[PDB]
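Residue numbers (the entry's author numbering), protein chains in the order written: chain B, 253 to 776; chain C, 253 to 775; chain G, 1 to 7. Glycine included, C-beta positions come from ideal geometry on N, C-alpha and C. Inspection log for the structure reproduced underneath, given as structure tokens.
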Amino acid sequence: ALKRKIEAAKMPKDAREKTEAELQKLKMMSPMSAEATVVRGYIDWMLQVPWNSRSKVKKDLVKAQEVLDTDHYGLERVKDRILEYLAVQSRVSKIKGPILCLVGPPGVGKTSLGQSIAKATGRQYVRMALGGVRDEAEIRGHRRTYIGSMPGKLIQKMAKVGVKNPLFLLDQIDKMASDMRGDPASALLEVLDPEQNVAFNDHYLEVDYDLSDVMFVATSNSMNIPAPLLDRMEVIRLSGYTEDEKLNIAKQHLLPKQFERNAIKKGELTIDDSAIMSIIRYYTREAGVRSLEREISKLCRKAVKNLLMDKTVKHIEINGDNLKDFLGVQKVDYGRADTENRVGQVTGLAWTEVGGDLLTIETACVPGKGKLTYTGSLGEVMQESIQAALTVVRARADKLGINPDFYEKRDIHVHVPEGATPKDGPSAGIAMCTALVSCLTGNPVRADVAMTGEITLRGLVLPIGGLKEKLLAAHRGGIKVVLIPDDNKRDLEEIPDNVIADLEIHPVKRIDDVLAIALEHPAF
Amino acid sequence: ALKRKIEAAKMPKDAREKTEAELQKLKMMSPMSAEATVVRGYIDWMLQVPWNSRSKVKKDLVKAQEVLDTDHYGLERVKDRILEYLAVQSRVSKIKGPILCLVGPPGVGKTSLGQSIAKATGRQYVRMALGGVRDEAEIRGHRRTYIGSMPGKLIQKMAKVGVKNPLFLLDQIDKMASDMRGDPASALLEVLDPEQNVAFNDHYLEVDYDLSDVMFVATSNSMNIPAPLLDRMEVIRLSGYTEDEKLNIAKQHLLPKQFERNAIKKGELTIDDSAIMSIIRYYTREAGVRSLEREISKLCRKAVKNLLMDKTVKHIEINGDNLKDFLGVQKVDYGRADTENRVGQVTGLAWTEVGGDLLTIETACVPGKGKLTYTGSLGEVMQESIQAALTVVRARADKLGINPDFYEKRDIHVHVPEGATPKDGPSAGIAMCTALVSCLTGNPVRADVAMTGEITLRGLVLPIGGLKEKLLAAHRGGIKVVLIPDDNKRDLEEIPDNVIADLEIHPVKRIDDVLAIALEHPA
Amino acid sequence: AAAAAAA
Ligand SMILES: Nc1ncnc2c1ncn2[C@@H]1O[C@H](COP(=O)(O)OP(=O)(O)OP(=O)(O)O)[C@@H](O)[C@H]1O
Ligand SMILES: Nc1ncnc2c1ncn2[C@@H]1O[C@H](COP(=O)(O)OP(=O)(O)OP(=O)(O)O)[C@@H](O)[C@H]1O
Ligand SMILES: [Mg+2]
Ligand SMILES: [Mg+2]
């Protein structure tokens, strides 16, 4: 019978009481009846749930750092989170399970990371895919009145794993189907609630089951999680990869994996760093590294077919010069510094989600009747930034050498060259003010200076967002001097030493410093 | 009886433990009861699903290219992809199987290309149409609580085909529904995940099922796919067909199968290159070949009824002059070059998904009060491009010999005479500038010159997209010399040889190079 | 008599 299993499973109190009550209710029924299948199946579910079986969580931080650095590169803040968990777990047992949300663009290593933690903490990996899930019964099940009643994929995966310390990876929280017919994202408000998981009532089990030590790591692409559910999760925003990070990921983790998936032998293929960097500069324009391993896999695969169909060569070196012969023609390109100091042209810094880029900001000031025209598919905040720049110039028209009646005598065209790409933002206002102080004075803007900042009518420079990708975009070009806002100095502690050592980074307070540095002849 | 089926169709560990635990649960049930039917349904659904059966993937690359060239013409990049798959598969016993997204205009043969691939690789063929599909339970199914439940249609097709190495053809992956009520595109985000196909957990068969060797090939018409799905697929762009390869598809593939579909013998109907190229030039206006084979099929059935109703003429010969006797009035007309050098008009190069076309751009500069009107169903980037071009002419008007107060004294009207067709993009911008200079000087633009490129206020020419159909449109139109930007020289590496041989192609860097080449007199 | 949940 079952009482050696119910006694053998050292349950908590109320689960043992309901389980034994269903046992002595089971031993008074006909065994070939349907009620014996309901109660018998209920006990057969109650015995499989891991009521107290645990997995021994690791304690060495150096070896766990070596596992996290073994499987992935560079994701420093999540590895810090796991080491802090293993430290506080190393001091006491039965901690609350950490509830995390990984938020980033596709390919930054959110789903593949959730197995590495399950090897670094010594937990057991388990994964639920929540993309497009609309049924709430995948989380809370049905009651056992119905015919085939099962306790939902949480209790099914706890019963399949067999311990009460797993690592649930919840893929695509932000892709759950929210509707009046189906909303399982609010059924998770009991599942991951940091002070209510100790009594998670299931609709099939009917007994409170402890989920407090289950480690919940969830992955999402955005912040469109409902705010009752987004508040319960410690959110780590995995930003996009840089070029040195994509280089080291591509040469420490992607080349051995794609050599192994294509069975490349030792002296058979050699892809150096210049070809990898040419893939990064010239063929891929993403934030992740999945199209990067597409191009690496295409290099290895074309090497396999060329060696199999040539039979005379036995070594292919792809050195970035013959990369064109394999991947095809160069798809994309990045922006570079100009080589000559020009009058109505400054170098702006822009940021998008795949990285940073340089902006050209061109002004033409023709003798006219005061018409102001702004082209380049500009947003409304950028147009307001040009109007603020013109107000700064018209307020300071005397001490800049500008004829103060140019608002009636000069037509001004402000154009940003890639007119097919939409652009919006408060930044590059000191850039547009610099390009308007020039071409009203004939002062050329020096070509090795990029700048970013938001301007006020008093002449101040306000902070901006994302200095790291902008300083990498300026370092990738021929920019040598970067004018940043003053209160963005607090970002300069998270910049690599190459960018700090190469760029001459000036923080500025007011527009007179910007015009003092970024003009060939002093404005004042 | 059932446990010999479980041990016969040998499973992995978790499927065997779940299925034998399910049968041991079935052993204490009455046979005619509802829970017994749910358990038996889960058991025979676990028995129909293949766990270990595969297919011998081919190894000969020459015969595989013979099959791929037997079914389709051209399409060298996808055929390269399939032969490279067969090379790596020839070296390795089991690899992950490619996830491909074929993207192109309709009629370019990406649905039939899948069955060509499944024939050329030895893999079994499975098709699933995703056009307009809104329910996410077509992919994952429902729990076995529900009455009449079953797995997703993917698991049903895997259980139908019997092997774990099929070719899935995901038809219309971009025409899937995506709203709050239905989102199967995020349900495909697990099954197209290149790392997590080893554990595909659907809702009926709640065991993990391995899909890390199924070849997924998806077909779509546009890049209107969610960015997580686009990142999980390998995009192959199938561009439109040229005149020579439509001639070769028609001669090598369309004419023999439309002869085969109409019982036309070898000595009844003959169609030469003049009729085929006349259909391509004057009846189709497409990117695919589907209206082309509709015109060919129309010729064949008219030939059939002309062989039945007459029965004294027994050989019909269709060529370039008697197509209107069968097909009728020419539906379309390609753009042609102009014959005289005319003040104010230029010929930009336009490109749509149907193909490249010539783009006449004209300007009138009448004496007035500086009015600026721009007609011709222009976009907003196009009108900003004309404003930038006019600023380049205006800041350079002393060098060009132009009276610099023309912004006060003369009214300028830029028009593109197609009218009803909407037109957008900066690629006409250089052309705009040239037209304005002509219409301010009386110096006519020579009609044998086309041009393309983006303009900046400095005067520089920036790169543009899609040179191949623009140069094919200039070669079709009778242009003898084009003007491309400088940094598009690389795209000249993938142009056919007759187009390079006929066109005098000049890359330009700035605007006075264009005004030096494209105008009749020196500026 | 036994209840059964339909979708
Ligand atoms: N920092 C890294 N180091 C090494 N490999 C990485 C790194 N980041 C990503 N990868 C590789 O990217 C591949 C897929 O990553 P993963 O599926 O985790 O991305 P993701 O962030 O989950 O994307 P999505 O959110 O779109 O699902 C993995 O095979 C992994 O090896
Ligand atoms: N290169 C080619 N060689 C031979 N036949 C071709 C070629 N390209 C297209 N076809 C023919 O065109 C027809 C249409 O192709 P198919 O329906 O396979 O894809 P498609 O029309 O692009 O798909 P969709 O309708 O989804 O856009 C097919 O019957 C095919 O035979
Ligand atoms: Mg993922
Ligand atoms: Mg199709």
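Requested in this report: For C/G374, I'd like the list of residues in its chain whose CB is within less than 7 Å of its CB, leaving aside the five on either flank, ordered along the chain.
Outcome: Mapped onto the second sequence, residue 374 of chain C falls at position 122. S307, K308, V309, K310, listed in sequence order.
**Report entry** Backbone secondary structure at C/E259 - three-state DSSP
**Finding:** Translated into positions along the second sequence, residue 259 of chain C becomes position 7. Note: C/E259 maps to helix in three-state DSSP.
Query raised in the report: Is B/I477 near B/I523, with beta carbons less than 8 Å apart?
Result: As a working note, residue 477 of chain B is residue 225 in the first sequence. As a working note, residue 523 of chain B is residue 271 in the first sequence. For B/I477 and B/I523, no; Cβs fall outside 8 Å.
Query raised in the report: Cβ-heavy atom distance between C/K362 and ligand 4 below 7 Å?
Result: Along the second sequence, read from residue 1 onward, the residue named residue 362 of chain C stands at position 110. True, at least one ligand heavy atom lies under 7 Å from that Cβ.
Query raised in the report: Which partner residues of B/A616 appear in the DSSP bridge assignment?
Result: Here residue 616 of chain B corresponds to residue number 364 of the first sequence, with the count starting at 1. Note: B/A616 sits in a beta bridge opposite B/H665.
Report task. For C/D332, verify whether its CB is less than 7 Å away from any heavy atom of ligand 3. Result -> The count along the second sequence starts at 1 and reaches residue 332 of chain C at position 80. No - ligand 3 has no heavy atom lying nearer than 7 Å to the Cβ of C/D332.
**Report entry** 4 or more residues per run - each alpha helix (DSSP H) lying fully within the stretch 462-499 of chain C
**Finding:** 479-483
Requested in this report: For C/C552, name the three-state secondary structure that DSSP assigns.
Outcome: Mapped onto the second sequence, residue 552 of chain C falls at position 300. C/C552: helix per DSSP, three-state reduction.
Report task. Give the straight-line distance between the Cα atoms of C/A702 and C/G607, rounded to the nearest whole angstrom. Result -> Your numbering for residue 702 of chain C matches position 450 in the second sequence. Your numbering for residue 607 of chain C matches position 355 in the second sequence. The straight-line gap from Cα to Cα measures roughly 17 Å.
Report task. Output the distance between the C-alpha atoms of B/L320 and C/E545, rounded to the nearest integer angstrom. Result -> Within the first sequence, numbered from 1, the residue matching residue 320 of chain B stands at position 68. Within the second sequence, numbered from 1, the residue matching residue 545 of chain C stands at position 293. Answer to the nearest angstrom: the Cα atoms are 58 Å apart.
Query raised in the report: So B/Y325 is in the alpha helix (DSSP H); what residue range does that whole segment cover?
Result: Here residue 325 of chain B is taken as the residue at index 73 of the first sequence, counted from 1. Careful: B/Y325 lies outside any alpha helix (DSSP H) and carries neither H nor E.
Requested in this report: Give the secondary structure of B/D573 by DSSP, where H, G and I count as helix, E and B as strand, and everything else as coil.
Outcome: Your numbering for residue 573 of chain B matches position 321 in the first sequence. Three-state DSSP puts B/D573 in coil, outside helix and strand.
Requested in this report: Classify B/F776 as helix, strand or coil using the three-state DSSP reduction.
Outcome: To locate residue 776 of chain B, count along the first sequence from 1; it is residue 524. DSSP places B/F776 in coil when its eight states are reduced to three.
Query raised in the report: For C/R594, which residues from the same chain have a beta carbon less than 8 Å from its beta carbon, with the 5 sequence-adjacent residues on both sides left out?
Result: For the purposes of this step, residue 594 of chain C is taken as the residue at position 342 of the second sequence. The residues are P696, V697, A699.
Query raised in the report: Just to confirm, are C/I516 and C/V541 a CB contact at a threshold of 8 Å?
Result: Counting from 1 along the second sequence, the entry for residue 516 of chain C is found at position 264. Counting from 1 along the second sequence, the entry for residue 541 of chain C is found at position 289. Taking 8 Å as the Cβ cut-off, C/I516 and C/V541 do not qualify as a contacting pair.
Query raised in the report: Taking DSSP as the reference, what is the three-state secondary structure of B/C691?
Result: Taking the first residue of the first sequence as 1, we reach residue 691 of chain B at position 439. B/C691: coil per DSSP, three-state reduction.
Query raised in the report: Quick one: which chain B residues come within Cβ less than 8 Å of C/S474?
Result: For the purposes of this step, residue 474 of chain C is identified with residue 222 of the second sequence, where counting begins at 1. Near C/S474 there are no residues of chain B at all, since even the closest Cβ is about 17 Å away, more than 8 Å.
**Report entry** Limits of the alpha helix (DSSP H) - the one that residue 777 of chain B falls within
**Finding:** Nothing can be reported for residue 777 of chain B, as the shown portion of chain B is limited to 253 through 776.
Query raised in the report: According to a CB-to-CB cut-off of less than 7 Å, which residues of the stretch 389-423 of chain C neighbour chain G?
Result: Of all residues in the stretch 389-423 of chain C, those with a C-beta nearer than 7 Å to a C-beta of chain G are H394, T397, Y398, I399, reading in chain order.
Query raised in the report: Which residues bound the beta strand (DSSP E) around C/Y626?
Result: Stepping through the second sequence from its first residue, residue 626 of chain C is reached at position 374. 624-627 is the span of the beta strand (DSSP E), which, as asked, contains C/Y626.
Query raised in the report: Quick one: Cα of B/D483 to Cα of B/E336, how far?
Result: By 1-based counting over the first sequence, the position of residue 483 of chain B is 231. By 1-based counting over the first sequence, the position of residue 336 of chain B is 84. Between B/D483 and B/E336, the C-alpha separation is close to 21 Å.
Requested in this report: Determine whether the Cβ of B/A286 lies closer than 8 Å to any Cβ atom of chain G.
Outcome: Numbered from 1 along the first sequence, position 34 holds the residue referred to as residue 286 of chain B. For B/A286, the answer is yes, since a Cβ of chain G falls inside 8 Å of its Cβ.
Query - CB contact below 8 Å: B/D577 versus chain C - result: Looking up residue 577 of chain B in the first sequence gives position 325. Chain C, which has no Cβ nearer than 8 Å to the Cβ of B/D577, makes this no.
Report task. Would you kindly work out how many angstroms separate the C-alpha atoms of B/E721 and B/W603, rounded to a whole number? Result -> Taking the first residue of the first sequence as position 1, residue 721 of chain B is located at position 469. Taking the first residue of the first sequence as position 1, residue 603 of chain B is located at position 351. Roughly 7 Å between the two C-alpha positions.
Query raised in the report: With respect to the alpha helix (DSSP H) encompassing C/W297, which residues constitute its N-terminal and C-terminal limits?
Result: If you number the second sequence from 1, residue 297 of chain C lands on position 45. Going by DSSP, C/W297 is part of the alpha helix (DSSP H) stretching over 286-300.
Requested in this report: Kindly give me the distance between the Cβ atoms of C/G729 and C/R513, rounded to whole angstroms, as I take these residues to be in contact under 8 Å.
Outcome: In the second sequence, counting from the first residue as 1, residue 729 of chain C sits at position 477. In the second sequence, counting from the first residue as 1, residue 513 of chain C sits at position 261. Between C/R513 and C/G729 the Cβ distance is about 35 Å, and since that is not below 8 Å, they are no contact.
Query - G/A6 at chain C interface by Cβ criterion, 8 Å - result: As a working note, residue 6 of chain G is residue 6 in the third sequence. Closer than 8 Å to some Cβ of chain C, the Cβ of G/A6 qualifies, so yes.
Query raised in the report: What is the DSSP secondary structure of B/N558, counted as helix, strand or coil?
Result: The sequence position of residue 558 of chain B within the first sequence is 306, counting from 1. Here B/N558 sits in helix by DSSP.
**Report entry** B/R533: contacting residues in chain C (beta-carbon distance under 8 Å)
**Finding:** On the first sequence, position 281 is the one that residue 533 of chain B refers to. Ordered by position in chain C, no residue passes the 8 Å Cβ test against B/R533, which lies about 14 Å from the chain.
Query raised in the report: Rounded C-beta distance between G/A3 and C/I399? I'm assuming under 8 Å.
Result: Numbered from its first residue, the third sequence carries residue 3 of chain G at position 3. Numbered from its first residue, the second sequence carries residue 399 of chain C at position 147. Wrong, their Cβ atoms sit about 11 Å apart, outside the cutoff.
Query raised in the report: When the Cβ atoms of the stretch 254-263 of chain C are set against those of the stretch 738-758 of chain B, are three or more pairs found closer than 8 Å?
Result: The stretch 254-263 of chain C, when compared against the stretch 738-758 of chain B, does not touch it at the 8 Å Cβ threshold.
Query raised in the report: In the DSSP assignment, what are the bridge partners of B/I568?
Result: The sequence position of residue 568 of chain B within the first sequence is 316, counting from 1. The partner list for B/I568 (beta bridge, DSSP) reads B/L521.
Report task. Give me whichever residues DSSP pairs with B/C353 in a beta bridge. Result -> To locate residue 353 of chain B, count along the first sequence from 1; it is residue 101. Note: B/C353 sits in a beta bridge opposite B/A470, B/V487.
Query raised in the report: Going by the C-beta, is C/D423 closer than 7 Å to any heavy atom of ligand 4?
Result: In the second sequence, residue 423 of chain C corresponds to position 171, counting from 1. Under cutoff, so the answer is yes.
**Report entry** Nearest to C/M684 (by Cα), restricted to the options C/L457, C/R646, C/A286
**Finding:** Position 432 of the second sequence, counting from 1, holds the residue named residue 684 of chain C. Nearest C-alpha to C/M684: C/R646.
Query raised in the report: Hey, would you say C/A687 sits closer than 8 Å to C/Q597, going by beta carbons?
Result: What you label residue 687 of chain C is simply residue 435 of the second sequence in a count that begins at 1. What you label residue 597 of chain C is simply residue 345 of the second sequence in a count that begins at 1. Against a cut-off of 8 Å, the Cβ pair of C/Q597 and C/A687 comes out as a contact.
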